Structures are given as structure tokens and as C-alpha cells.
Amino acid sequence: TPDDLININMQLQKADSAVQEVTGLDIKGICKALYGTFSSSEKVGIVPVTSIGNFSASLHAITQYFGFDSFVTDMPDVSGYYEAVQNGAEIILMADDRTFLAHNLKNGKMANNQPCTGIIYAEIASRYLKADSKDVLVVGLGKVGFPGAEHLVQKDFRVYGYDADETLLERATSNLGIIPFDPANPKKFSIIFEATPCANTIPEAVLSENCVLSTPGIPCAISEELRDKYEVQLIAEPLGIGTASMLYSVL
């Protein structure tokens, strides 16, 4: 649909501009430096899977935006997979309800959407040009958040973490060595990474003016009144940034 095609394109463009503002680099630039990898307009076959293919249609527009030679197969599932390989797909892109993967058939590399999304959003946060300290707050330590937190620890940031699930908070503290954040004793941050399927997860007392909030979480961690009040630099996009991360990770 022509209306929806203008919509994702604009949404990706707006997300690109926001990343440029924060880091001085576009999404492509972030990916290339993150993975040390470059694209040659690889052929990517998107196969719809039963688990109406509007998702695969979004993926086509997203991959076209990033310059990939992408196509959606006529058939779904196993028949679609067969079709994709036969039509010379170098990378396979497909998702069920629990896993969204990219598989590079040439080099054997395979990416999972969840760690790839966490890593890139953490990466964008870590590359904030106007950051005044090495302190970073991570809210949400699940499938997306944990790999994000791990990436930040490896990049030598002082990582503060919180998750409403005490078991996951404890396990993140043990394995990663992050400082457990106490909502009862809050401090201000200039860099925040949220990976949570909930709203209003970032307390006001944690925000400083012009701080970066890098969040793949849906819905938004912050109310639009709070982001206006603190002039929050929001990095938030529903699918494209995570997808770019997957593709560049397997090149």
C-alpha cells in the first residue's frame, strides 16, 4: 500500500536523523563500526511464515531502505524457504512468534533479533557525543536488555541496572558485575537504555536535561510530557534499527 510505504520510509528517515544527532553517524555508520563489516547489496530472501504477511512487507521496505537487494517469496514457510534459496538468496530473513533470524548461507553466520537489537541500541547510547559521564542506566534485563547491558560493560561503561524481576536483576549482577540500581535512592543519568514492553518505566528523578534515551521497548518508557520537559533525545524505532543490526552482524 502506497500510503504505508511513505510511512515506514519517513519513520526510518526520522530515526536515522535522530541517531545522527546523538552520535554523528547514521544507522549504517553505527552498524559498520559495531561489526567492522560492510554491505555489497547482498541478495536477501524474506520468507513469510505462518505463526497475512504484512511483517515480511515491512521487512522488504526496511531492507530496501538500507540498500539491500531484497525480495519476498510468493510461498510461505518451507515452500518459501525453498523458493528463496532457489532464487539465489544469500541471506535468509524469517520470523515465527519466538524467533526472528537472519542466516547468511555463504559464510554460515546467523543472527537473532533480540541480542542484535539490544547491542545496537546500547551501542547508539554509548556513542552519545555530548555525554558528560560514563554512567549508564539500563532498565529491563531480559532477552534484549541483558545483551545490551553486557555490551556496555565490555565497552568499559559504569553500568547501573534495574529489572522488576529480582531473579533477573540478581543474575545480571552476578554474571555481568553491574551495579544494582535502587529506585528508592535515585541519581541522574545522561545516558539511558530501556528494553521493556511497558510504559512509564523511567522515573523523573533519573532524568537530566538533554539526556539520551535509547529504547527498542514498546510502548515508550517515557511519557511525551516528560520527554518535552527534559528535552530528551529519544532513539526509538519499531523494527528497522534492529533489522539493520542483524544483517550487518552476518556479513
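Rigid core (definition): largest C-alpha set, two forms, superposition within 1.5 Å. Residue positions are given as counts along the sequence shown, with the first one as 1.
Colleague: Core-aligned, which moves more in 8 other deposited structures of this protein: 241-249 or 4-12, by CA RMS?
Modeller: The more displaced stretch in 8 other deposited structures of this protein turns out to be 4-12.
Colleague: Could you tell me how many residues of the deposited sequence sit unmodelled between residue 51 and residue 52 (none, 1 to 3, 4 to 9, 10 or more)?
Modeller: 4 to 9 residues are missing.
Colleague: So, looking at the entry's B-factor column for Cα atoms, which has the higher mean, 221-229 or 187-195?
Modeller: Going by the record's values, the stretch with the higher mean is 221-229.
Colleague: Name the higher of the two by mean Cα B-factor in the PDB entry, 39-47 versus 178-186.
Modeller: The deposited B-factors put 178-186 ahead on the C-alpha mean.
Colleague: Could you check 29, 216, 203, 67 and tell me which one carries the biggest Cα B-factor in the deposited entry?
Modeller: Each of 29, 216, 203, 67 was compared by C-alpha B-factor; the highest is 203.
Colleague: Highest Cα temperature factor in the entry, among the options 77, 132, 123, 96: which one is it?
Modeller: Of 77, 132, 123, 96, 132 has the highest C-alpha B-factor.
Colleague: Lowest, middle or highest third of the chain for the C-alpha temperature factor of residue 136?
Modeller: It falls in the middle third of the chain.
Colleague: Relative to the other modelled residues of the same chain, rank the CA B-factor of residue 113 and answer lowest, middle or highest third.
Modeller: Lowest third - that is where residue 113 ends up once the chain's C-alpha B-factors are sorted.
Colleague: Sort the modelled residues of this chain by their C-alpha B factor and say whether residue 102 lands in the lowest, middle or highest third.
Modeller: Tercile = lowest for this residue's CA B-factor.
Colleague: Considering every modelled residue of the chain and its Cα B-factor in the PDB entry, is residue 83 in the lowest, middle or highest third?
Modeller: For residue 83, the deposited C-alpha B-factor lands in the lowest third.
Colleague: Would you please rank residue 59 by its C-alpha temperature factor against the other modelled residues of its chain and give the third it falls in: lowest, middle or highest?
Modeller: Lowest third of the chain for residue 59's C-alpha B-factor.
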